[PDB]
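Residue numbers (the deposited numbering), protein chains in the order written: chain A, 5 to 405; chain A', 5 to 405. A prime marks a further copy of an entry chain. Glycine included, C-beta positions come from ideal geometry on N, C-alpha and C. Everything below concerns the one structure shown next.
2 protein chains.
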Amino acid sequence: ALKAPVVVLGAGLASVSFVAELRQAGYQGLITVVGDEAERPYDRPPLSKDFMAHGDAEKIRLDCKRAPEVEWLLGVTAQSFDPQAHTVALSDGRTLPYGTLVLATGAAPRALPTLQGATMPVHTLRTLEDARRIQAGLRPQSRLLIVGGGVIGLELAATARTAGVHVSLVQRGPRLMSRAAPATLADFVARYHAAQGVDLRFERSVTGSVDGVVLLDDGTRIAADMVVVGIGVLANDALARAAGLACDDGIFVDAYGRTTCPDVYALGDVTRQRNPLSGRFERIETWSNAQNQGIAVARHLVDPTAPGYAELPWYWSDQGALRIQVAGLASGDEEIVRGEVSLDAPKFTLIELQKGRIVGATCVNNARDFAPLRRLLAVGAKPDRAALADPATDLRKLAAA
Amino acid sequence: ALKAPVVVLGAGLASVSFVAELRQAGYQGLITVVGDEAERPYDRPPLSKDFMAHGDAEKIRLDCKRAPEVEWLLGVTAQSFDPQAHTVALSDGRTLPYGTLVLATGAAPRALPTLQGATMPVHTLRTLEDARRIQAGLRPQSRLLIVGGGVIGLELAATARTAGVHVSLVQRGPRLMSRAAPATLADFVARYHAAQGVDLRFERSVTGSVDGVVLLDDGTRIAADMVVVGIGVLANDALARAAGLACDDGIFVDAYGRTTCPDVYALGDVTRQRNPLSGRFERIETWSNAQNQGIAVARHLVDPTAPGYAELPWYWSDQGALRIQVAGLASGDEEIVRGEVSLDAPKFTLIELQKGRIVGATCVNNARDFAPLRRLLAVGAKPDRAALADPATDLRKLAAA
Ligand SMILES: Cc1cc2nc3c(=O)[nH]c(=O)nc-3n(C[C@H](O)[C@H](O)[C@H](O)COP(=O)(O)OP(=O)(O)OC[C@H]3O[C@@H](n4cnc5c(N)ncnc54)[C@H](O)[C@@H]3O)c2cc1C
Ligand SMILES: Cc1cc2nc3c(=O)[nH]c(=O)nc-3n(C[C@H](O)[C@H](O)[C@H](O)COP(=O)(O)OP(=O)(O)OC[C@H]3O[C@@H](n4cnc5c(N)ncnc54)[C@H](O)[C@@H]3O)c2cc1C
């Protein structure tokens with residue numbers, strides 16, 4: 005069932021959350037974690053937020069207190085594993101035996117093929133090292149180009165503008181946040197960033213670059229001192245692929261975290277898993293999944309009577325003045341707008357319904373509403389639609405009832 | 005590894021191929037097959053072909069000779085399985101114990117929601133019973149409407165025209181055979197069927213029906229004596245889903261046929277698996293996959309040193325005068341056309357290349373070319389493109405060299 009010793013590959017949030025839950029649940033056997041970064045395990049969301057602004061890494065470290073008696077092999081890369089011999093080969097020449105193996109290796113930013121042989125600074129933003137390297141080029145009045153209009157690029161955009169950096173952003177699609185965000189939210193977010201001086205370019209792609217200038221597919225040019233590419237990430241599933249596990253930009257797992265290989269599990273950004281709301285498999289790229297899936301898989305390993313992972317997806321994003329929170333699906337057959345959608349003191353809530361059932365919710369500067377909406381979302385509530393729009397209605401009431 | 009006893013759910017081609025390989029490979033333990041159809045196991049491709057024309061079911065039975073000492077529970081449905089207790093519950097009230105469970109339950113035709121409460125004959129074509137029921141309504145000069153332009157619908161269309169039946173066909177897309185067929189092939193196939201009197205309607209959908217007439221989304225009508233729906237199939241993965249296996253319109257499996265659940269495997273139409281040419285997961289809906297995956301998974305269960313499933317995909321279709329064969333991918337960056345594409349004695353070959361490498365091939369009334377092209381495809385050959393077009397070139401030569 006849960007066979008000792010436990011080895012976890014990756015030392016990010018999913019891994020930390022998993023090994024802490026193992027200990028809290030009562031497992032007292034060996035746990036060894038292999039982490040390729042030579043860094044005290046740390047959280048990523050600050051990297052495009054407060055960290056990029058203030059630069060104190062000792063404010064972003066994960067709490068490994070609830071994970072006593074774990075050996076963390078930092079700065080070491082797992083190079084392969086042999087699922088028959090039950091061993092992992094490490095880059096330092098050592099080998100770890102395992103009873104249970106857990107792949108928590110995350111994902112890495114996609115490169116932009118058109119900028120491959122570029123001769124100007126081109127970075128991505130995933131690691132503490134990336135953030136330090138980017139932060140060191142945020143010279144006031146310098147020009148930054150961001151490729152991709154996902155939340156991390158937008159968080160960087162807002163951080164950069166706040167630092168006095170001129171920001172341009174190129175987005176292949178007609179809208180920002182094309183992944184898991186209601187169109188109404190995306191349109192509003194574009195209006196916000198535009199108003200803050202971000203030069204937004206929709207429906208354009210990068211074709212290449214020459215001497216410090218980026219080329220676009222409309223035949224035009226954008227000069228920049230630095231490009232940050234943020235067009236999404238790819239699962240770090242190479243070990244799983246080589247060992248014969250079912251993978252496709254992500255290791256396939258069930259609700260117990262099981263891969264297709266006996267005694268090998270996977271969690272976090274590296275997994276492709278069932279979204280309970282859509283009923284489809286997808287790679288979920290959020291902080292809450294990394295933590296919550298790690299916890300669920302550990303809990304069930306120690307107590308096989310515990311249910312499989314069942315949490316519904318949600319995330320947040322801090323983009324200057326906008327505190328954004330998004331849960332569930334981006335769309336259904338109906339959207340209910342609570343409040344006015346306005347650049348003047350932005351504060352609104354969106355609710356997505358499918359045949360009367362809540363399937364998604366968004367809060368912008370409205371954190372008190374988010375928690376009740378997530379509970380209503382969780383039980384598939386079908387509240388009165390007039391009430392939901394009715395600003396008099398208090399949402400915490402409904403959830404309680 | 006391979007633990008006795010073996011239980012297989014489903015008694016179609018994948019199942020028959022698997023249990024035959026188990027015996028041929030040397031496994032002598034118990035094998036029990038559960039099949040919900042009360043029929044001697046039979047092959048499906050004849051159902052839209054020679055069978056629909058001649059009606060002799062004793063010409064379409066599968067050969068279970070290479071599978072001695074198998075108990076076939078025909079006319080029995082597996083209702084659930086318990087992967088911890090290692091048992092399967094049957095619809096006749098019995099329970100089967102298993103060491104190794106194999107899900108080979110295939111797929112079923114999708115229903116058309118717009119025709120749900122229709123009051124006219126609406127059938128799909130998957131089973132021997134379906135074919136008999138459809139064949140009994142192919143009255144000469146009757147009017148048949150087919151929904152969907154996939155190969156089975158087109159095979160039925162050609163069979164029906166040959167029987168003197170007036171045939172209309174409604175296709176949501178701009179082209180027939182939208183799944184895994186080169187556009188050049190699809191365009192030609194439309195010209196053939198049109199020339200044979202099939203009334204083709206592209207870019208239309210069915211909105212409903214009233215008193216023997218089908219309604220379309222262009223606001224028009226088609227009267228018919230019978231509708232056959234052929235808009236694709238859905239994996240029969242309900243048992244796997246209920247038991248906690250990773251599924252998404254298909255049970256996820258690696259190259260060994262392993263699901264995410266220890267001691268449970270899956271094969272054939274029910275699986276979602278890696279396509280080696282695209283490197284993506286897909287549900288492969290072909291005769292050759294059912295046979296070849298069944299054989300590979302069995303072989304590796306008996307001999308763990310054997311490689312995992314590795315065959316590249318291919319299928320054929322018989323549509324009146326057209327003997328169509330298709331291997332690999334529908335497209336690449338280049339297509340080479342061997343011969344003329346003409347309704348006058350149709351006979352041509354298509355070759356799809358990606359950066360000089362063969363990734364796909366089509367033969368129409370040109371079976372001698374198909375086998376060499378599949379071998380060239382298998383080794384990722386990069387032959388001379390001028391030679392490939394050069395009709396002088398004999399293809400069997402190249403493959404040999
Ligand atoms: C800049 C940024 C901002 C974000 N903001 C938010 C946010 O506001 N809200 C939100 O919901 N989410 C946010 N996220 C997303 C979030 O942080 C991720 O979902 C989360 O980090 C995933 O955790 P993980 O443990 O699964 O993967 P990871 O954090 O990527 O950890 C995996 C670790 O394993 C390492 N590894 C990989 N391969 C090997 C190997 N062979 N051997 C050893 N180690 C290996 C990796 O290098 C990595 O260190 C943000 C992410 C980034 C990068
Ligand atoms: C009309 C038609 C024409 C075709 N023509 C071609 C062709 O020319 N070329 C080609 O490449 N392919 C063709 N195919 C495709 C091909 O035949 C399939 O790919 C193949 O049948 C798949 O085999 P299978 O064993 O995986 O699934 P199946 O043949 O569907 O067998 C599965 C069996 O398991 C049964 N079952 C399901 N659930 C349970 C349960 N809970 N308990 C017990 N039994 C269960 C099913 O009813 C079914 O009998 C055709 C298919 C059809 C229907």
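Selection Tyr269/A, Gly14/A, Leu219/A and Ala112/A evaluated against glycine 79/A yields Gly14/A as nearest (Cα-Cα). The closest CA to that of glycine 324/A', considering only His197/A', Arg147/A' and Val306/A', is found on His197/A'. One finds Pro266 in chain A' with Cβ atoms closer than 7 Å to the Cβ of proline 266/A, taken in chain order. Collapsing the DSSP output to three states places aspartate 373/A' in a helix. Here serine 182/A carries a coil assignment [DSSP, helix/strand/coil]. As computed with DSSP, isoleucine 340/A is found in a beta bridge with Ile355/A. Of all residues in the region 283-317 of chain A', only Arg284, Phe285 and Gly312 come within less than 7 Å of chain A when Cβ atoms are compared, listed by chain position. Note on geometry: alpha-carbon atoms of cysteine 251/A' and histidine 58/A lie some 45 Å from one another. Looking only at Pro49/A, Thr353/A and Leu173/A, the smallest Cα-Cα distance to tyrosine 319/A is reached by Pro49/A. Below 8 Å, too few C-beta pairs join the region 17-35 of chain A' and the region 126-137 of chain A' to call them touching: fewer than three. Taking a 10 Å sphere around the C-beta of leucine 347/A', we find fewer than 16 other C-beta atoms and assign the residue as exposed. For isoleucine 64/A, the shortest C-beta to heavy atom distance toward ligand 1 is 6 Å or greater. Inclusion of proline 49/A in the 6 Å shell around ligand 1 follows from its C-beta lying nearer than that to a non-hydrogen atom of the ligand. Nearest Cα to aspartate 54/A' within the set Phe206/A', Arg98/A' and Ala164/A': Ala164/A'.
The residues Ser52, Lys53, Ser321, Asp322 and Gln323, in chain order, have a CB closer than 7 Å to that of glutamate 159/A in the same chain once the five nearest residues on each side in sequence are set aside.
At a cut-off of 7 Å, the C-beta of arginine 245/A' has no neighbouring C-beta in chain A. Rounded to whole angstroms, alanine 112/A' and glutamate 289/A' show a C-alpha spacing of 11 Å.
Collapsing the DSSP output to three states places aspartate 86/A in a strand. DSSP, read as helix, strand or coil, puts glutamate 73/A in coil.
Within the DSSP secondary-structure output, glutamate 286/A' pairs in a beta bridge with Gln277/A'.
Judged by pairs of C-beta atoms under 8 Å, the region 290-305 of chain A' touches the region 19-27 of chain A', as three or more such pairs exist.
By the C-beta density criterion, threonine 104/A is buried, having at least 16 other C-beta atoms within 10 angstroms. Restricting attention to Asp40/A', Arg65/A' and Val233/A', the CA atom closest to the CA of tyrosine 46/A' is found in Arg65/A'. Identification of chain A residues near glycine 248/A' by a Cβ-Cβ cut-off of 9 Å yields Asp258, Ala259, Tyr260, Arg262 and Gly312, ordered along the chain. Relative to the non-hydrogen atoms of ligand 1, the Cβ of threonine 128/A never comes closer than 6 Å to any of them.
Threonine 224/A has its CB no nearer than 6 Å to any heavy atom of ligand 1.
Between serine 172/A' and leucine 149/A', the C-beta gap is smaller than 7 Å, which places the two residues in contact.
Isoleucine 362/A: not part of any alpha helix (DSSP H); member of the beta strand (DSSP E) spanning 361-368, first to last residue. Contact holds between the region 134-150 of chain A' and the region 228-246 of chain A', because three or more Cβ pairs, one in each stretch, are under 8 Å apart. When distances are taken from the beta-carbon of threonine 109/A' to the heavy atoms of ligand 2, the shortest one is below 6 Å. With contacts defined as CB atoms closer than 7 Å, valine 274/A' and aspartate 241/A' qualify as a contacting pair.
Proximity to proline 350/A across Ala259/A, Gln329/A and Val368/A peaks at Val368/A, based on C-alpha coordinates. Nearest neighbour of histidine 90/A' by Cα position, chosen from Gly364/A', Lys7/A' and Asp215/A', turns out to be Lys7/A'. C-alpha of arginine 98/A to C-alpha of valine 10/A: approximately 16 Å in a straight line. With its beta carbon less than 7 Å from one in chain A, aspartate 252/A' belongs to the interface. Closest option to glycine 16/A, judged by alpha-carbon separation, among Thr397/A, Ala108/A and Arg183/A: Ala108/A.
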